[PDB]
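Shown next: final25.txt, given as compact mmCIF, C-alpha atoms and all ligand atoms.
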```
# COMPACT_ATOMS: atom_id res chain seq x y z
CA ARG F 476 5.19 12.77 11.76
CA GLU F 477 2.87 15.79 11.86
CA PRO F 478 1.56 16.93 8.45
CA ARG F 479 -0.11 20.17 7.45
CA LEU F 480 -1.45 21.92 4.35
CA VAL F 481 -0.35 25.47 3.55
CA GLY F 482 -0.64 27.88 0.65
CA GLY F 483 -4.24 27.05 -0.24
CA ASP F 484 -7.36 29.20 -0.06
CA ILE F 485 -9.49 26.05 -0.20
CA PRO F 486 -9.86 24.68 3.37
CA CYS F 487 -8.56 21.17 2.58
CA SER F 488 -6.06 21.87 -0.21
CA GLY F 489 -2.47 23.05 0.06
CA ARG F 490 1.19 22.14 -0.07
CA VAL F 491 2.35 19.22 2.06
CA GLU F 492 4.68 19.98 4.97
CA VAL F 493 5.70 17.28 7.45
CA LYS F 494 7.12 18.09 10.88
CA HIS F 495 9.76 15.69 12.20
CA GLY F 496 9.15 16.64 15.82
CA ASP F 497 10.72 20.10 15.82
CA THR F 498 11.34 21.21 12.22
CA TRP F 499 8.93 21.84 9.35
CA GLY F 500 10.09 20.54 5.99
CA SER F 501 8.59 20.05 2.56
CA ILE F 502 8.20 16.69 0.82
CA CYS F 503 9.46 15.92 -2.68
CA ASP F 504 6.90 14.61 -5.16
CA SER F 505 8.82 11.40 -5.93
CA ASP F 506 8.62 10.44 -2.23
CA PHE F 507 4.81 10.68 -2.06
CA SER F 508 2.47 7.91 -3.23
CA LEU F 509 -1.31 7.66 -3.44
CA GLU F 510 -1.47 5.58 -0.25
CA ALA F 511 0.54 8.15 1.71
CA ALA F 512 -1.64 10.99 0.38
CA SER F 513 -4.82 9.15 1.42
CA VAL F 514 -3.47 8.83 4.97
CA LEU F 515 -2.58 12.53 5.02
CA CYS F 516 -6.13 13.61 4.14
CA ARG F 517 -7.48 11.22 6.78
CA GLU F 518 -5.13 12.54 9.47
CA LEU F 519 -5.99 16.15 8.60
CA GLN F 520 -9.73 15.32 8.83
CA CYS F 521 -10.31 16.07 5.13
CA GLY F 522 -11.73 12.67 4.15
CA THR F 523 -10.57 11.60 0.69
CA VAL F 524 -7.70 12.48 -1.64
CA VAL F 525 -8.87 13.93 -4.96
CA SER F 526 -5.59 14.66 -6.76
CA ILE F 527 -1.82 14.85 -6.25
CA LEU F 528 -0.16 17.93 -7.76
CA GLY F 529 3.61 18.25 -8.12
CA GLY F 530 5.81 21.05 -9.34
CA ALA F 531 4.95 23.36 -6.42
CA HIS F 532 1.58 24.16 -7.96
CA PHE F 533 0.04 25.35 -4.69
CA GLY F 534 3.04 27.42 -3.61
CA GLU F 535 6.84 27.39 -3.80
CA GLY F 536 7.80 25.81 -0.49
CA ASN F 537 10.71 27.05 1.59
CA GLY F 538 12.90 25.52 4.26
CA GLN F 539 14.55 22.14 4.00
CA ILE F 540 13.22 19.29 1.85
CA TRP F 541 13.46 15.79 3.30
CA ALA F 542 14.57 12.83 1.19
CA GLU F 543 12.57 10.34 3.27
CA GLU F 544 10.31 8.19 1.09
CA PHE F 545 6.99 6.92 2.41
CA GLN F 546 6.16 3.24 1.82
CA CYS F 547 2.53 3.34 2.95
CA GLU F 548 0.07 0.46 3.14
CA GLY F 549 -2.78 2.98 2.84
CA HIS F 550 -4.90 2.20 5.92
CA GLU F 551 -2.69 3.90 8.53
CA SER F 552 -4.44 6.44 10.75
CA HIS F 553 -1.42 8.77 10.84
CA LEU F 554 1.77 9.24 8.86
CA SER F 555 3.80 8.38 11.98
CA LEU F 556 2.70 4.74 12.00
CA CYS F 557 3.40 4.39 8.28
CA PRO F 558 6.75 2.72 7.47
CA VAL F 559 9.29 4.88 5.62
CA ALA F 560 12.57 4.27 3.80
CA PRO F 561 15.46 6.77 3.96
CA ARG F 562 17.34 7.89 0.87
CA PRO F 563 20.67 9.61 0.16
CA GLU F 564 20.53 13.31 0.96
CA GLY F 565 20.10 16.06 -1.61
CA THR F 566 18.03 13.97 -4.01
CA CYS F 567 15.23 16.49 -4.59
CA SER F 568 15.03 20.27 -5.03
CA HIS F 569 12.46 22.92 -4.15
CA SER F 570 10.83 23.03 -7.60
CA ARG F 571 9.31 19.54 -7.10
CA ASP F 572 7.21 20.09 -3.97
CA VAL F 573 4.12 17.91 -3.57
CA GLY F 574 0.59 19.26 -3.26
CA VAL F 575 -2.57 17.47 -2.18
CA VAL F 576 -6.22 18.32 -2.83
CA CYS F 577 -8.57 16.49 -0.46
CA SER F 578 -12.37 16.27 -0.61
CA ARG F 579 -13.87 18.39 2.19
CA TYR F 580 -13.73 21.83 0.55
CA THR F 581 -17.03 23.39 1.64
CA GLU F 582 -17.01 25.95 4.46
CA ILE F 583 -20.25 26.78 6.28
CA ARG F 584 -20.81 28.88 9.40
CA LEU F 585 -23.63 30.36 11.48
CA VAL F 586 -23.73 34.14 11.88
CA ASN F 587 -25.71 36.87 13.66
CA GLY F 588 -27.28 34.29 15.98
CA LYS F 589 -27.00 35.21 19.65
CA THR F 590 -26.11 31.63 20.57
CA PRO F 591 -22.87 30.38 18.97
CA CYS F 592 -24.69 27.16 18.04
CA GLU F 593 -27.69 28.96 16.49
CA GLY F 594 -27.78 31.26 13.48
CA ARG F 595 -28.50 31.62 9.80
CA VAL F 596 -26.45 29.36 7.54
CA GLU F 597 -23.78 31.10 5.46
CA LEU F 598 -21.68 29.31 2.84
CA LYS F 599 -18.61 30.65 1.05
CA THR F 600 -17.92 29.66 -2.56
CA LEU F 601 -16.22 31.37 -5.51
CA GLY F 602 -14.64 33.93 -3.18
CA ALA F 603 -17.83 35.38 -1.67
CA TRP F 604 -20.05 34.71 1.33
CA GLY F 605 -23.78 34.14 0.99
CA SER F 606 -26.84 32.68 2.66
CA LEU F 607 -28.06 29.17 1.88
CA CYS F 608 -31.55 28.88 0.42
CA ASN F 609 -34.27 27.47 2.66
CA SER F 610 -35.80 25.42 -0.17
CA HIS F 611 -34.83 21.73 0.00
CA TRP F 612 -33.21 22.35 3.40
CA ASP F 613 -34.52 19.97 6.05
CA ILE F 614 -33.73 18.38 9.41
CA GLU F 615 -31.23 15.88 7.97
CA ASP F 616 -29.13 18.76 6.64
CA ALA F 617 -29.46 20.62 9.94
CA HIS F 618 -28.23 17.70 12.05
CA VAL F 619 -25.03 17.31 10.00
CA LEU F 620 -24.33 21.05 10.25
CA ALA P 765 35.05 -12.87 -11.74
CA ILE P 766 34.28 -12.82 -15.46
CA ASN P 767 30.69 -11.54 -15.32
CA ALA P 768 28.34 -9.77 -12.92
CA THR P 769 24.78 -10.92 -13.58
CA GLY P 770 21.84 -8.66 -12.77
CA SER P 771 18.05 -8.55 -13.08
CA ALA P 772 17.70 -12.01 -11.48
CA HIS P 773 19.02 -13.73 -14.60
CA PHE P 774 20.26 -16.75 -12.63
CA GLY P 775 17.22 -17.08 -10.37
CA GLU P 776 14.78 -15.50 -7.95
CA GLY P 777 15.68 -15.49 -4.25
CA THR P 778 13.04 -15.53 -1.54
CA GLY P 779 15.17 -14.25 1.35
CA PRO P 780 15.02 -10.64 2.50
CA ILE P 781 17.39 -8.17 0.88
CA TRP P 782 20.43 -7.54 3.08
CA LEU P 783 22.49 -4.85 1.30
CA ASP P 784 21.79 -2.03 -1.15
CA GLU P 785 24.12 -0.19 -3.55
CA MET P 786 27.33 -2.02 -2.75
CA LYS P 787 30.45 -0.02 -3.66
CA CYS P 788 33.69 -1.99 -3.37
CA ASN P 789 37.23 -1.25 -4.53
CA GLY P 790 37.51 -4.90 -5.61
CA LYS P 791 40.53 -5.73 -3.42
CA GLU P 792 38.84 -6.19 -0.03
CA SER P 793 38.89 -9.77 1.20
CA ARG P 794 35.35 -9.92 2.63
CA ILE P 795 32.11 -8.77 1.04
CA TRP P 796 31.00 -7.05 4.26
CA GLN P 797 33.85 -4.53 4.19
CA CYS P 798 32.55 -2.86 1.01
CA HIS P 799 30.58 0.35 1.46
CA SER P 800 26.78 0.25 1.40
CA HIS P 801 23.81 2.42 2.30
CA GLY P 802 23.37 0.35 5.46
CA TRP P 803 23.11 -3.22 6.74
CA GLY P 804 19.57 -4.48 6.29
CA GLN P 805 18.54 -1.25 4.54
CA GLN P 806 17.22 -1.51 0.99
CA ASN P 807 14.82 -0.02 -1.55
CA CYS P 808 14.85 -2.85 -4.13
CA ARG P 809 12.66 -5.95 -4.39
CA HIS P 810 13.10 -9.66 -5.07
CA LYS P 811 12.70 -9.20 -8.83
CA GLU P 812 16.10 -7.49 -8.76
CA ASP P 813 18.78 -10.04 -7.86
CA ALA P 814 22.54 -10.15 -8.34
CA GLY P 815 24.31 -13.11 -9.91
CA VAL P 816 28.01 -13.79 -10.35
CA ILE P 817 29.88 -16.04 -12.79
CA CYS P 818 33.32 -16.90 -11.45
CA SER P 819 36.44 -17.61 -13.49
CA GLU P 820 36.48 -21.40 -13.04
CA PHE P 821 33.01 -22.15 -14.39
CA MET P 822 33.11 -25.22 -16.62
CA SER P 823 30.51 -26.51 -19.08
CA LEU P 824 30.68 -29.27 -21.68
CA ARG P 825 29.09 -29.52 -25.12
CA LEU P 826 29.56 -31.03 -28.57
CA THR P 827 29.90 -28.75 -31.59
CA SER P 828 28.60 -29.85 -35.00
CA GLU P 829 27.95 -28.19 -38.34
CA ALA P 830 24.18 -28.65 -38.16
CA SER P 831 23.61 -27.59 -34.54
CA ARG P 832 25.60 -25.87 -31.81
CA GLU P 833 24.77 -28.83 -29.54
CA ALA P 834 24.59 -32.40 -30.82
CA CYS P 835 25.18 -35.99 -29.75
CA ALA P 836 28.06 -36.26 -32.25
CA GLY P 837 30.77 -33.74 -33.03
CA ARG P 838 33.78 -31.93 -31.64
CA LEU P 839 34.18 -31.89 -27.87
CA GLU P 840 34.48 -28.44 -26.28
CA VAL P 841 35.05 -27.30 -22.70
CA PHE P 842 34.45 -23.84 -21.23
CA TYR P 843 36.93 -22.19 -18.87
CA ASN P 844 37.80 -18.58 -17.99
CA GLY P 845 35.20 -17.31 -20.44
CA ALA P 846 36.65 -19.19 -23.42
CA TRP P 847 35.85 -22.44 -25.20
CA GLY P 848 38.58 -25.02 -25.71
CA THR P 849 38.99 -28.44 -27.26
CA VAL P 850 40.39 -31.55 -25.57
CA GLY P 851 43.24 -33.71 -26.80
CA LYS P 852 42.83 -37.32 -27.87
CA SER P 853 45.93 -38.59 -26.05
CA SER P 854 45.32 -41.14 -23.27
CA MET P 855 41.63 -41.25 -24.24
CA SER P 856 39.82 -44.14 -22.56
CA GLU P 857 36.44 -45.81 -22.99
CA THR P 858 35.36 -44.88 -19.46
CA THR P 859 36.17 -41.23 -20.16
CA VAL P 860 34.08 -41.40 -23.34
CA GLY P 861 31.17 -42.88 -21.40
CA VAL P 862 31.42 -40.23 -18.69
CA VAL P 863 31.33 -37.47 -21.31
CA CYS P 864 28.22 -38.93 -22.96
CA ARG P 865 26.37 -39.50 -19.68
CA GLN P 866 27.07 -35.98 -18.42
CA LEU P 867 25.33 -34.36 -21.40
CA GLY P 868 22.50 -36.90 -21.56
CA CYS P 869 23.10 -38.36 -25.02
CA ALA P 870 23.70 -42.07 -24.32
CA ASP P 871 25.32 -44.49 -21.89
CA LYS P 872 28.45 -45.48 -23.83
CA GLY P 873 29.95 -43.85 -26.91
CA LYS P 874 32.72 -44.13 -29.46
CA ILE P 875 35.48 -41.94 -30.88
CA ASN P 876 35.22 -41.03 -34.55
CA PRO P 877 38.06 -39.48 -36.58
CA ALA P 878 38.20 -35.75 -37.16
CA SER P 879 35.60 -34.35 -39.54
CA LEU P 880 36.37 -32.22 -42.58
CA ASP P 881 35.11 -28.94 -41.07
CA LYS P 882 36.16 -27.32 -37.79
CA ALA P 883 34.79 -24.04 -36.44
CA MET P 884 37.13 -21.14 -35.61
CA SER P 885 39.97 -23.54 -34.67
CA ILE P 886 39.50 -22.82 -30.97
CA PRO P 887 42.49 -23.66 -28.70
CA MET P 888 42.98 -26.65 -26.40
CA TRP P 889 42.29 -26.23 -22.68
CA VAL P 890 43.20 -29.66 -21.25
CA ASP P 891 44.95 -32.85 -22.35
CA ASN P 892 45.52 -36.38 -21.02
CA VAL P 893 42.12 -36.88 -19.39
CA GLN P 894 41.91 -40.14 -17.41
CA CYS P 895 38.51 -40.93 -15.92
CA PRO P 896 38.08 -43.53 -13.16
CA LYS P 897 34.97 -45.63 -12.52
CA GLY P 898 32.33 -43.81 -10.50
CA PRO P 899 32.35 -40.09 -11.43
CA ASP P 900 29.37 -39.04 -13.54
CA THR P 901 30.84 -35.63 -14.41
CA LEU P 902 34.14 -34.91 -16.14
CA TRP P 903 35.31 -32.42 -13.49
CA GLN P 904 36.31 -35.26 -11.13
CA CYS P 905 38.73 -36.95 -13.55
CA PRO P 906 42.48 -36.29 -13.17
CA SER P 907 44.33 -34.68 -16.05
CA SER P 908 47.22 -32.41 -16.99
CA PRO P 909 47.18 -28.82 -15.67
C1 LIG F 1001 30.05 -11.82 -19.90
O1 LIG F 1001 30.82 -10.71 -20.27
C2 LIG F 1001 31.41 -10.83 -21.55
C3 LIG F 1001 32.36 -9.68 -21.76
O2 LIG F 1001 31.64 -8.47 -21.78
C4 LIG F 1001 30.30 -10.93 -22.62
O3 LIG F 1001 30.84 -11.21 -23.89
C5 LIG F 1001 29.34 -12.07 -22.27
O4 LIG F 1001 28.23 -12.09 -23.12
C6 LIG F 1001 28.84 -11.92 -20.84
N1 LIG F 1001 27.99 -13.01 -20.47
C7 LIG F 1001 26.79 -12.87 -19.86
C8 LIG F 1001 26.07 -14.16 -19.56
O5 LIG F 1001 26.31 -11.78 -19.57
CA CA F 1002 19.21 1.38 -4.78
CA CA F 1003 30.14 -0.92 -6.74
```

Reformat the file's structure so that it appears as structure tokens.
Amino acid sequence: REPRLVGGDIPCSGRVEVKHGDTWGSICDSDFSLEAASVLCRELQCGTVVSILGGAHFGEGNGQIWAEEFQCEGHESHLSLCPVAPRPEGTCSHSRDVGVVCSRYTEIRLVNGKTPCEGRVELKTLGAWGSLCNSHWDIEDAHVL
Amino acid sequence: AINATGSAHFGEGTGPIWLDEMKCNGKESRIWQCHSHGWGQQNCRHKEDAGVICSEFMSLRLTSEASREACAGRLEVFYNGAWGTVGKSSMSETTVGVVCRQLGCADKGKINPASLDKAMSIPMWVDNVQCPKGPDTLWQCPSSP
């Protein structure tokens, strides 16, 4: 069970697509719960689920849509270990694709520094790149970066 | 069958659910042969349970003007989804006692003549009831067909 997020400009927000070993397929909204979404953000290294958006808000998914329904405890590391329950085929359509917005949305990089690990801090927000202010920037911030 | 009871009306079962969405033509001899989603596959819970009321389900009560159930009144028996009276022929003291003890009114009892008012003039289901010594319930006493 390999999940991924597509169709989103935000780094940790997009439409849910689960790979069943070889094929990529979308997930219907009625088959996704809060516990399953929390596992998906954790597996994708995005931290915490913020919202669950149905109706193909992030992007009209293509390909097949699986009728598998996730019955998730909530503490599973991956979607693969989470028990699921099959359903009769053809239950859901394309217009009800599930979307997930996780927490880790900020993107920061270091540029123009000769070393890849050293450089001025640049942060992208509202569709533009810019340089972070030095004021109130200290060693604790630097270590996390 | 006369009724198919749902929503755990009869009771709540603790065992795991074995079948889901049973579709049967009604003529198959064994319950297994009917179509289902899969053996041991389910999406319900224990709160949903299936009950059945068969044709030969018998209950006993006394009908009176004041109350539907009373310690004195007309004797009624329930069979094949219908209520029926019982004839007075071959009536015995032991049979009267067994009727009273089954419904928890008294130990012995007595037969009073017919009252002035009778409800709906329901038919007779059984006649010539002869009760031996020993059976607490009326179902064990021989009678006419
Ligand atoms: C059984 O079905 C009959 C016929 O529909 C109905 O009158 C009766 O109320 C039902 N009994 C129960 C207990 O559901
Ligand atoms: Ca079902
Ligand atoms: Ca059926």

Selection within 10 Å of ligand CA 1002 (chain F) by all atoms listed in the file, output as a list in words: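 Based on all atoms listed in the file, ligand CA 1002 (chain F) is surrounded within 10 Å by residues 562 and 563 of chain F; 783, 784, 785, 786, 800, 801, 805, 806, 807, 808 and 809 of chain P.
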
Skipping near chain neighbours, those fewer than 5 positions away, what residues fall within 10 Å of residue 827 of chain P using all atoms listed in the file, listed as a ChimeraX atom specification? /P:832-840,882-883

Atom CA of residue 505 of chain F to atom CA of residue 536 of chain F, distance in Å rounded to a single decimal: 15.4 Å

Return as JSON the box centre and box size in Å, one decimal, for an axis-aligned box around all listed atoms of segment 827-843 of chain P padded by 6 Å per side.
```
{"center_x": 30.3, "center_y": -29.2, "center_z": -28.6, "size_x": 25.3, "size_y": 26.1, "size_z": 31.5}
```

For ligand LIG 1001 (chain F), which of P:893, P:788, P:781, P:817 is the closest residue, counting all atoms listed in the file?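 The answer is P:817, which sits nearest to ligand LIG 1001 (chain F).
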
Close residues, residue 481 of chain F itself excluded, 9 Å, only C-alpha atoms, min 2 positions apart in chain, as a VMD selection string: chain F and resid 479 483 to 484 488 to 492 533 to 534

Please report, as JSON lines, each residue of chain P lying at most 7 Å from ligand LIG 1001 (chain F), together with the nearest pair of atoms and the separation in Å rounded to one decimal; use all atoms listed in the file, and order rows by chain and ascending residue number.
```
{"residue": "P:766", "atom": "CA", "partner": "F:LIG1001", "partner_atom": "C1", "distance": 6.2}
{"residue": "P:767", "atom": "CA", "partner": "F:LIG1001", "partner_atom": "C1", "distance": 4.6}
{"residue": "P:769", "atom": "CA", "partner": "F:LIG1001", "partner_atom": "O5", "distance": 6.2}
```

Output of the above residues as a PDB file, in the coordinates of the input, restricted to C-alpha atoms:
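So the final result, stored in selection-v1.pdb, reads:
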```pdb
ATOM      1  CA  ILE P 766      34.280 -12.820 -15.460  1.00  0.00           C
ATOM      2  CA  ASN P 767      30.690 -11.540 -15.320  1.00  0.00           C
ATOM      3  CA  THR P 769      24.780 -10.920 -13.580  1.00  0.00           C
TER       4      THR P 769
END
```

Within 12 Å of chain P, which residues of chain F are there when counting only C-alpha atoms? Please give them as JSON, numbers by chain. {"F": [543, 544, 545, 546, 559, 560, 561, 562, 563, 564]}

In Å to one decimal, how far is atom CA of residue 890 of chain P from atom CA of residue 873 of chain P?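 Separating atom CA of residue 873 of chain P from atom CA of residue 890 of chain P is a distance of 20.2 Å.
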
Pairwise distance for atom CA of residue 816 of chain P and atom CA of residue 775 of chain P, rounded to one decimal in Å: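 Going from atom CA of residue 816 of chain P over to atom CA of residue 775 of chain P covers 11.3 Å.
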
Can you tell me, as a PDB file with C-alpha atoms, keeping the file's coordinate frame, what residues are no more than 7 Å from residue 531 of chain F when counting all atoms listed in the file, ignoring any on the same chain fewer than 4 positions away?
```
ATOM      1  CA  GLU F 535       6.840  27.390  -3.800  1.00  0.00           C
ATOM      2  CA  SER F 570      10.830  23.030  -7.600  1.00  0.00           C
ATOM      3  CA  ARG F 571       9.310  19.540  -7.100  1.00  0.00           C
ATOM      4  CA  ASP F 572       7.210  20.090  -3.970  1.00  0.00           C
ATOM      5  CA  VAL F 573       4.120  17.910  -3.570  1.00  0.00           C
ATOM      6  CA  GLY F 574       0.590  19.260  -3.260  1.00  0.00           C
TER       7      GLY F 574
END
```

Write out as a ChimeraX atom specification which residues come within 9 Å of residue 510 of chain F when counting all atoms listed in the file, dropping same-chain ones fewer than 3 positions away. /F:507,513-515,545-550

Hey, which of F:558, F:478, F:500, F:522 ends up closest to residue 576 of chain F? Count all atoms listed in the file.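 Counting all atoms listed in the file, the residue closest to residue 576 of chain F is F:522.
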
So which residues touch residue 581 of chain F within 12 Å, counting all atoms listed in the file, skipping near sequence neighbours fewer than 4 positions away, as a list in words?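 The residues satisfying every condition are residues 484, 485, 486, 487, 488, 521, 577, 597, 598, 599, 600, 601, 602, 604 and 620 of chain F.
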
Of the listed residues P:819, P:856, P:789, P:876, that which approaches ligand CA 1003 (chain F) most closely, counting all atoms listed in the file: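 The answer is P:789, which sits nearest to ligand CA 1003 (chain F).
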